[PDB]
Amino acid sequence: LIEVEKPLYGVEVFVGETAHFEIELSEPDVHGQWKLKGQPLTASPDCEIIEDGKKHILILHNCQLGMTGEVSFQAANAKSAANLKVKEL
């Protein structure tokens, strides 16, 4: 079973760069899935999820004015949730 010892972290970002949410589980060799307030989409339009089994890292390029929810991750039986807000000019 996993317990997630390090939760995510809320952070702002300017629509154009890339955000970064990290989270380490209690057991290595694991896989899950990231999403906005709670909607699993597909890395292609404005999302880039990457993982090597040793840790889980998130990367969101040019985020739009929306994305005003929380970055919640899901895996074996754990679930994190940081704050995500987009900023304009």
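Looking at the entry header, you'll see solution NMR listed as the method.

Colleague: Any details on the sheet that holds strand β5 (residues 70-71)? Residues and values, ideally.
Modeller: The strands making up a sheet associate through backbone hydrogen bonding, with each pair oriented either parallel or antiparallel. Taken in spatial order, the three strands line up as β1-β6-β5 in an open sheet, and their pairing is mixed. One side of each edge strand has no neighbouring strand; the edge strands of this open sheet are β1 (11-14) and β5. Sheet analysis places β1 next to strand β6 (residues 82-87), joined by four bridges and oriented parallel. When the bridges of β6 are listed, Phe 14 appears paired with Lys 87.

Colleague: Hey, could you go over the packing of aromatic side chains for me, with residue numbers and the actual values?
Modeller: Applying the stated rule across the entire model yields one aromatic pair. For the ring pair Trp 34 and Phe 73, a centre distance of 5.1 Å and an interplane angle of 45 degrees mean the geometry is tilted. Residue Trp 34 is located in the loop between β2 (21-23) and β3 (48-51), and its partner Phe 73 is located in the loop between β5 and β6; the two are separated by 39 residues in the primary sequence. Comparing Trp 34 with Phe 73 shows no difference in burial state: the two are buried.

Colleague: How would you summarise the sheet that holds β2 if you had to cite specific residues and measurements?
Modeller: Within the open sheet, the three strands sit side by side as β2-β4-β3. Their pairing is antiparallel. On the outer flanks of this sheet lie β2 and β3, each paired with one strand and no other. Between one strand axis and the next, the sheet turns by 15 degrees as a mean value, whatever way the strands run. Here three bridges tie β2 to strand β4 (residues 56-59), and the two strands are oriented antiparallel to one another. The residue bridging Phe 21 from the neighbouring strand is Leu 58, located in β4.

Parameters and conventions
- Residues numbered from 1 in each chain as written, not as in the entry; some residues may be left out.
- Heavy atoms only, no water.
- Pairing = 2+ DSSP bridges.
- Helix = DSSP H or I, 4+ residues; strand = E, 2+ residues; numbered from the N terminus.
- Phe/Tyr/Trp six-rings, centres within 6.5 Å; stacked < 30°, edge-to-face > 60°.
- Buried < 20%, exposed > 50% of the residue type's maximum accessible area, 1.4 Å probe, protein only.
- Axes fitted to C-alpha atoms, helices over the stretch in contact; angles between N-to-C directions.

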